[PDB]
Amino acid sequence: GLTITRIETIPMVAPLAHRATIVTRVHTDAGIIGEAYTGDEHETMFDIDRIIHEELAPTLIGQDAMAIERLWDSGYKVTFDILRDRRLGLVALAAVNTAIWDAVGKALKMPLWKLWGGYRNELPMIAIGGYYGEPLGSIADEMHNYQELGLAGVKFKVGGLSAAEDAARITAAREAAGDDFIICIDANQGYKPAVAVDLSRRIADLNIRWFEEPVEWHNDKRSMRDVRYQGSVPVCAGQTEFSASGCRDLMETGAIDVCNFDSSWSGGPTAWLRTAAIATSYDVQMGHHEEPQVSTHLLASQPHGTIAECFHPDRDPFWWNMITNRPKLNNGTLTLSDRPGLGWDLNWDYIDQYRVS
Amino acid sequence: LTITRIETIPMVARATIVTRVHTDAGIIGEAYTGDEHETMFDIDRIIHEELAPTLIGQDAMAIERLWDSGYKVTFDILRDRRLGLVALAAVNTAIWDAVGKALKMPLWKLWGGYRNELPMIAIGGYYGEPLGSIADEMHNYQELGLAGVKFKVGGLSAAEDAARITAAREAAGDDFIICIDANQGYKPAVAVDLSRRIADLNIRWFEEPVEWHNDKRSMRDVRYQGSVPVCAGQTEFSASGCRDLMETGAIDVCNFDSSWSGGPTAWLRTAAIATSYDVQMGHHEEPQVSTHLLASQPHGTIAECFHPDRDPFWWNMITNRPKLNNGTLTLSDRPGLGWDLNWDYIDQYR
Amino acid sequence: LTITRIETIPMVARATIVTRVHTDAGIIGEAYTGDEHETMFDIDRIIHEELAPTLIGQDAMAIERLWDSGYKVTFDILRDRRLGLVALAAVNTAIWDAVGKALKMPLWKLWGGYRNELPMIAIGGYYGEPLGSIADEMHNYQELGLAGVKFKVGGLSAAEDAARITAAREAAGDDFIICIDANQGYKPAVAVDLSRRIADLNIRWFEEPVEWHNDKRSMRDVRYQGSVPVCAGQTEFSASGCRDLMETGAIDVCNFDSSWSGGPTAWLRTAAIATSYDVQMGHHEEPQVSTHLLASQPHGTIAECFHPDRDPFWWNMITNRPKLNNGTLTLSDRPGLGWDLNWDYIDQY
Amino acid sequence: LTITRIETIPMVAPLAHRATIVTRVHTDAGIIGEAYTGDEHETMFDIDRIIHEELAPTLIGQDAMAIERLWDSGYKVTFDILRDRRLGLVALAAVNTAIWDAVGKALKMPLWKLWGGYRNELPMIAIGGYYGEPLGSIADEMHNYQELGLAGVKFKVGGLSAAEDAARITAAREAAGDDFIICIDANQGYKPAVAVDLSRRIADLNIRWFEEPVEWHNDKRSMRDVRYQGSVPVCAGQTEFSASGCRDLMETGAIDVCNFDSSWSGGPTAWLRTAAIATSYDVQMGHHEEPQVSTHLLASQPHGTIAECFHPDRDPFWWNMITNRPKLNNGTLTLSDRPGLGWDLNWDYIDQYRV
Amino acid sequence: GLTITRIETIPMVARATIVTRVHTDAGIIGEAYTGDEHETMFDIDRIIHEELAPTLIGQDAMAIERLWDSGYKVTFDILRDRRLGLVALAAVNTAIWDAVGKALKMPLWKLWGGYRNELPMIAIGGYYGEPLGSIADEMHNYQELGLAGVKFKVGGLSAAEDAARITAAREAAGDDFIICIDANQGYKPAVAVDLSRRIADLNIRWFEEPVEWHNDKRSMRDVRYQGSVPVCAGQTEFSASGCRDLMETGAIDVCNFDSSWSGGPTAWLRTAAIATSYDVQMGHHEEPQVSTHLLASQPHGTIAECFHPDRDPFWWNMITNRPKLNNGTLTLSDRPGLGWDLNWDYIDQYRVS
Ligand SMILES: [Mg+2]
Ligand SMILES: [Mg+2]
Ligand SMILES: [Mg+2]
Ligand SMILES: [Mg+2]
Ligand SMILES: [Mg+2]
């Protein structure tokens, strides 16, 4: 057993070279402190904090942290509120579930990537870039910059221009980076089905790893399934779903080749892992929208896990400042250590400088 | 936790195989699985020739890695796919026992820890009255402290079997779980007829009600046209098949059998899928493992066992079997499966 | 046409069973079926202990009645369902031969009579070059007058297997049918990659491209993301299973194997279901029966056989096989299956 | 056996009108396949024209034994985009049925056995319960069917509220007693909710099935809901054009029984394909009227159910056209071993009403 | 209210059609012509007067849902082609809508949504036999008439043969010309797929009714995914439920449901709503005198279609104030209702009875 004593949270806001997050810590009778920072909610940061303390904490204090199914089942009720954005409870539940897994890993002396399956302990990491207006430099310079940082590739932003114009942008990225570089594209639900199909066929010769959320939100399942069959690039989605059931609907419709369900936005690892299990029955691969501090372990643990993702230092200060023992990228790969739990050494100097109330 | 040796102990007294995974640490993962008789040796052969080579020298802690490479034994297009699934389940279960012990964790908690106690029923009601009349059978199970029974049907007309079910309830009383199993014996209409006739007998569920070829859609119709929850899954070969059952709307409960389909790793995937569908989990017999699997899950239901007269392994091989209390079996905190095998029994038969 | 006796003659020369259904008239229905070796005697046991009791003394002419009664042999929860299905197929194929003879009708015509000729391809391209180089094997099949080959793949990478397939096309030329069979060997992504790579080699179809567990949905994706038609069905246990493949949109062609799942009666049901889906019919090996089955249907495709070096029954069991002409086989008007069995050969059981 | 001539004889006969085309397929041997099908009246001469101008050219000089080959070539008459598709389907059914009769004779086989031979006898019910009581009161009508030896009735509903139609059906069961089959047919007349209401109200009257309970447009899904929310098995298929359509009903879970009408859907060849599909869905087979062919079709299949006819005052053809019609015994009709359809047509009647 | 006082029908043959006119108690007369039913015209005329008129005479033409609901029962007769009743209902529904538009002083394209009042138009051509001249000739001609493109008929030859014909149409017309193809349900799936892949480079707008009728939904969905050209259908469906099925199967990129054949604008507009929830575009099988308004009103409408003058005297003669094509596009006026001015001399010349 591992009895929980109290829940401590540290909301923080940091400037971009703003991004926000909540450090959640679960103290136990044993002295082990499960901790992690999740999400990026900013306008609703303090609302989530209130849910964590007034709604979840009472269901956790004095409880056995190792009875994860039991604790998750009771906390799930925060997602029942009919009067507020369902993501509020889901993020709060995820913040707590993640911190709890970190405590369980430490108690058992097991790194989470191995405790969740241990398929492998290393995977490639790409960067989310290619923003319109090139705030991070020209396409050539941005691509080269990621390669100098030792990244395995990029998830290039599209969905804002015509099929032809974005097709030219993607072409410039492949030309600048060369062949040994992973290139995924993400339209953030911006295209009409026909335009996405057009783009997909235009880039058929560029070796695009996958086409993330190609179409508009309302009928995304069926429409992206058509992008998948009429086009030429594998399709990825799942980050906008609220639950494992939603990801199951995506897979049943045949809308995706990869699911990038975001645990920090949907109830945590416990929820993500269920989605992972469903994916295997569908031969669908697992991805994960950002949140590298937790996705690296989640993805590595599964046989069908793919690639981890991060932002450029200028766009995300947390991954690059919050953890003082981040492994060094080698050949585009990140190898996780055997440190128990998430195994991260948080930079308390940074936390103290940017924590807020 | 490096695996060092794969030891298997086949035996007949009902037949099973005691599989043991030895590690470089003092740990020995062990568990008996399945009840294959005529294929026991073929399975044993797959375990030592095909699986042992993929395990020796490997880390038992990276379960997904091992299961993945061991899965290839289910690919053989020239033999019953069940052979490979059972062999894989034997090794997977033993490895899980080793990991439980290594982490000093009982499997019911390591697998989720939803609860540590659940009711257990017996598989009875066989045609022919090998255990005496219905009334006597029901009383005997109540004497043994069982929570209820999984009553066999599917061999007579609807009115006929409906009468046998009624006899079970009358004799047993209201506080006794009554599940029925047709083992794919009825035509859709007959199952519906039966389901409606027993609508007031508070039947827990109706297991595999219809013939095999179109079971998914046909039992889905028994489900909606009938009056009783439907259960199936023991005949599926993988999580995908159970997923099909759920996608079709054919079941209220899934009783996928881990010892028959790739072990706990496979069963836990099916359980995950069932949560996304709001389907409950059960498990076709094999209490030495189902108690842990089922208790670990928030949607787990009931554990099953045979009457001592029909199964000597559960009752004779585990020296530390929890005492049934008010129909419930509570699991201890012992690591892994936490079972103490009666080696005197083992040596006697093998 | 009362059934008076059920006789079986197990064989090993590759193993099969010669089933003979004797009737009150001088008519004897007969056919050999399945490639069962390890389970041969269990299947023979089913036929005699479970099926014979539902046949002897009954009218061979009332096929649906007999099949309905014998189907129960597939209900056994304690054994490989294939045992019962194979046993049922043996008996069902023999009685159909008997009915064909009684009605003086050749089966290809009695089952529909769409046509009496169809292309014949050889199952080959085995890994390891057991019949020589790719080029030599294709030429060897070409020498035999075969219409094409069902080239084995699913074992190497997309690039590697795609190379082999390319060597086949090159060695054989354009007018030669090339189908490939991965036997459930690839993962969706690899099959899709392979399919796309061979898009210009004019492949007839891609059989069992993916791993078994989620085959239906996974091959449907191979079918839609790939570039070649997909074929499956041989691994299904019944017409319901094939109906499932079709409903999922997994196949362009269904190669349901009659000898593995209840016989012609089951297969003809699957054939009917296929017309409602615009799906074509094929048939996993078993040329001694598939030729009639496939020719009888408007959506039938190609019959298949093994190289003589790998299958001696088709090339030796039947003393009157039609000779291949332009890659095509033409069936005679001989009633029933119309096969003359070599009884000297039979002495190998 | 070579086909030498396609002969058709359209006819009209008074009720208490009803039309049908007798089709005869002459062969070079001494065999003439023949059967009458459909009940088209306003389009009878258009169908007759399709048979002679479009189908005959694909049959004359051809081998009648190659049924799949002929049906395939004849199917093209269903492709005409500018006319009711039923026209071609009925024409095709006419020739296909006559051809099968010819094949059965050539092989000396009754069609019930050639098509499968599951059994040679089945119960026979009468379609009745028409509103306005044209055949007498509910009690008198039911009794009349019992005196004629019928096994039951297919009672017409779908025209009143749930309570009123339920009262009508109750009167049927009360008048007939328990040993009488009672099916109901709404002919697509109710809204889903009303059909469900009726279905639950009659849950204790042991209704065999509920035929086409809801309006046409969304029938598959709506009747599927009547099927699951109600308490009576649901039957449909007669309004479908092809086996593919019946497949759609089955896949949707809309039916327990399929009553695909071979007479206006391409003939026995099409019906038998639907039958095969039905076995894979565990769905039973029925057939909308057309007793002269449904008896053989239904009896041949393991999943076949009941044959149907109309009261003599309602249908003069089944009761006058065949002179060797088996006598109903205990609600059942038993087919003979006579080859083909095995029917002896009444030529006196034909000459009197052919038009 | 806008009380209906009389239903008038003017059947005619010149190609056949029925001009329906709904008289009201105001000073408004709803009018329009629909369908091209020739052998069933009088049968349809009968339904209109014998079945629909009694439900209309003396009713408020402004309550369209009410009137359409009671009229819908003409589609229930299971003893006649369901199209007779659907065509009759459409004729009356369309005339009523024209009356409503006039009463509200609103052109229909704007009353039904008003997305835009301008859209391209192509001609249904490519007939085999060259009834209008060689492939290149016919194409240059549609070009002169100011059409945006053509809907080229196919489905009669092999994949290679029809591909060659399509290739010739593209060759002659050039890049800036819309080219749709229609097989009218004539190919086997494999043939349609073959053809689709062969024309992958000719920029074909869509492939209409590629496969045989019986399993058209699932079969054209496969042509859609195995091929390279978007697929269009719906004209052969009887109702919105039918189009809904097509969309749910994933069979179409575009739905060309024909209002003249299925209950009129009220039904077509329901199909449009359904199409939005599925990201499916709207088209319309001919009937330019009504499809221009229906299509233009919707955010997802595509292109209107017509026949070559040599083939359709009605669209080119019936309407005396037909907008003049410009750059392949036809713009609609603000004239209330359908806003068409019929030539009564032409009507008087070819009206029949
Ligand atoms: Mg994204
Ligand atoms: Mg069971
Ligand atoms: Mg194969
Ligand atoms: Mg009816
Ligand atoms: Mg068209």
Side-chain angles (χ1 to χ4, degrees), chain E residues 15 17 32-36 90 94 97-98 101 107-126 141-143 145-153 173 176-182 204-206 208-209 230 232-235 243 252-262 264-265 267-269 271-272 275 280-309 311-319 321-335 337-340:
Chain E
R15 184 78 161 69
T17 196
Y33 65 87
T34 161
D36 174 46
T94 309
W97 271 113
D98 176 68
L108 266 316
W109 64 265
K110 190 181 296 180
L111 179 63
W112 291 322
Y115 185 63
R116 60 176 166 160
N117 77 328
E118 185 185 359
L119 49 54
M121 193 175 305
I122 78 303
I124 286 71
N141 174 50
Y142 293 141
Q143 218 85 51
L145 294 175
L147 292 157
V150 58
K151 176 193 290 184
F152 203 74
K153 298 291 178 184
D176 66 310
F177 192 64
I178 305 303
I179 296 179
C180 296
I181 66 172
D182 187 331
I204 292 65
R205 181 58 185 90
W206 73 57
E208 203 170 302
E209 317 285 84
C232 172
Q235 59 169 275
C243 298
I252 63 181
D253 287 279
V254 187
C255 179
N256 72 325
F257 190 51
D258 186 347
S259 60
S260 287
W261 230 12
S262 332
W268 190 92
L269 289 168
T271 290
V280 167
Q281 296 179 305
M282 286 311 295
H284 193 302
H285 176 230
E286 41 184 291
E287 301 296 308
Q289 77 283 5
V290 64
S291 74
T292 48
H293 285 275
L294 290 174
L295 289 173
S297 73
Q298 304 296 297
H300 55 327
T302 56
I303 57 81
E305 10 179 295
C306 65
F307 290 108
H308 179 302
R311 192 201 165 308
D312 181 48
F314 294 131
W315 169 248
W316 301 98
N317 295 306
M318 278 293 301
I319 314 182
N321 70 322
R322 159 175 53 63
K324 183 185 173 187
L325 295 171
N326 186 198
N327 294 300
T329 304
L330 175 158
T331 306
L332 288 171
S333 72
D334 287 355
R335 282 289 299 288
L338 244 37
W340 302 135

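Heavy atoms only: backbone and side chains are in, while hydrogens, waters and symmetry mates are out. In what follows, chains carry the letters A, B, and so on, assigned in the order in which the sequence lines appear, proteins first and then strands, with residues in each chain numbered from 1.
The main-chain N or O of E:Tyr115 is never found under 3.5 Å from a side-chain atom of E:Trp109 such that the two would form a donor-acceptor pair. Checked by atom type and distance alone, the side chain of E:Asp258 never pairs as donor or acceptor with a backbone atom of E:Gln235 at under 3.5 Å. At least one donor-acceptor pair under 3.5 Å links the side chain of E:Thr17 to the backbone N or O of E:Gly35. In this structure, E:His284 contributes its side chain and E:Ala304 its backbone to no donor-acceptor pair below 3.5 Å. In this structure, the side chain of E:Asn321 does not engage the main chain of E:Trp340 through any donor-acceptor pair within 3.5 Å. Without hydrogens or angle criteria, E:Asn327 side chain to E:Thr329 main chain gives no donor-acceptor distance under 3.5 Å. The main-chain N or O of E:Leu338 is found under 3.5 Å from a side-chain atom of E:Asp98 such that the two form a donor-acceptor pair. E:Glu118 places no side-chain N or O within donor-acceptor distance of the main-chain N or O of E:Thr331, the cut-off being under 3.5 Å.
Other residues, nucleotides and ligands place more than 12 heavy atoms under 6.0 Å from the CZ atom of E:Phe307.
Residues E:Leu108 and E:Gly101 approach most closely at CD2-CA, 4.4 Å, considering heavy atoms. A pairwise comparison of heavy atoms in E:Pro288 and E:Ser291 identifies CA-OG, 3.4 Å as the closest pair. Of all non-hydrogen atoms in E:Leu295 and E:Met282, the two that sit nearest each other are CD2-O, 3.3 Å. Taking every heavy atom of both residues into account, E:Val150 and E:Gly125 meet most closely at CG2-N, 3.6 Å. Contact record, E:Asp312 with E:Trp316: O-CD1, 3.1 Å, taken as the closest heavy-atom pair. E:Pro230 and E:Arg205 get closest at one heavy-atom pair: CG-O, 2.8 Å.
Separation of atoms CD (E:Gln281) and CG (E:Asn256) is listed at 12.5 Å; rounding is to 0.5 Å. From E:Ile252, atom CD1 reaches atom CH2 of E:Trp206 across 11.0 Å, with rounding to the nearest 0.5 Å. How far CZ of E:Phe257 is from SG of E:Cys243: 4.5 Å, rounded to the nearest 0.5 Å. With rounding to the nearest 0.5 Å, the separation of SG in E:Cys180 from NZ in E:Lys153 is 11.0 Å.
Counting heavy atoms from C-beta outward, E:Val290 and E:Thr94 have side chains that approach closer than 4.5 Å. Considering only heavy atoms from C-beta on, E:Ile122 stays 4.5 Å or farther from E:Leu147 through its side chain. Considering only heavy atoms from C-beta on, E:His300 stays 4.5 Å or farther from E:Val280 through its side chain. For the pair E:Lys110 and E:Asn117, the minimum side-chain heavy-atom distance is 4.5 Å or more. When side chains are defined from C-beta on, E:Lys151 counts as touching E:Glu208, because their heavy atoms get closer than 4.5 Å. In this structure, E:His293 and E:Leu111 have side chains that are not in contact, with every pair of non-hydrogen atoms separated by 4.5 Å or more. Side chains of E:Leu330 and E:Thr292 form a contact here, defined as non-hydrogen atoms less than 4.5 Å apart.
Each of E:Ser259, E:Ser262, E:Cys255 was evaluated against E:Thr271; a single residue qualifies, E:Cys255, per the side-chain contact (heavy atoms from CB on, under 4.5 Å) test.
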Exercise for the section: Begin with the C-alpha distance, continue with both residues' side-chain angles, and end with the deciding distance and a verdict on side-chain contact (heavy atoms from CB on, under 4.5 Å) for E:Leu294 and E:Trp97. Expected result: CA-CA 11 Å; E:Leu294 290 174; E:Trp97 271 113; over 6 Å; no

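In this structure, E:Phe314 and E:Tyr33 have tilted ring planes: the angle between them lies in the 30° to 60° band.
Ring centroids of E:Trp268 and E:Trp261 are separated by 6.0 Å or more, keeping the two rings apart.
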